[PDB]
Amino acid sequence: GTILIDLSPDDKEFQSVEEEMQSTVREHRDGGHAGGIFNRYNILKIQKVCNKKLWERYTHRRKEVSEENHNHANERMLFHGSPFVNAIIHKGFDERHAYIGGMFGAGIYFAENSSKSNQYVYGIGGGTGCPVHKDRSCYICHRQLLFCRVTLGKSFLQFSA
């Protein structure tokens, strides 16, 4: 039930998503080991992901959270990188998309920095890099990230190195 609709680069919606991608790149403490060495991206395509059943699954849970938190979903737009992007857009997020070994326990992780999520496109630690060239800093192979609507509700604050 998932359809992908291309956004035109002339569309304000394309432009605001591209700006969030580009403007949230940062340098990483690994010097580029996991995600590659770069300051910006070449955006090739931005598609809207349309799935009625998955959207209703999201809004159902969003209302449950909001009602538990004085009518405040605390909804954010955040990046997600994963080897399982295809599974996610067709079947939805679930426990098989969790980072079992993450710093905050086994859950599904999202980043404000697009470059943080870029470190996970080829797996934890960048895995072995792109499938064609085995290069975590490949400048040739096309990568994909998701820009996701996320309900945080009441969020537990961890101060962390």
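Here the rigid core means the biggest group of C-alpha atoms that line up within 1.5 Å when the two forms are laid on top of each other. Heads up: residue numbers just count along the shown sequence, starting at 1.
- Take 105-113 and 91-99, fit the other structures onto the shown form by the rigid core, and average the C-alpha distances in 9 other deposited structures of this protein: the farther stretch is 91-99.
- Mean CA B-factor, 118-126 versus 132-140: the higher value falls on 132-140.
- Once the C-alpha B-factors are averaged per stretch, 142-150 and 8-16 rank with 8-16 first.
- For the set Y109, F104, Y41, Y58, the PDB entry assigns the largest Cα B-factor to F104.
- Note on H70, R96, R26, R62: the highest value goes to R96, judged by CA B factor as recorded.
- When the modelled residues of the chain are ordered by their C-alpha B factor, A87 lands in the highest third.
- In this PDB entry, the Cα temperature factor of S160 sits in the top third of its chain's modelled residues, the highest group.
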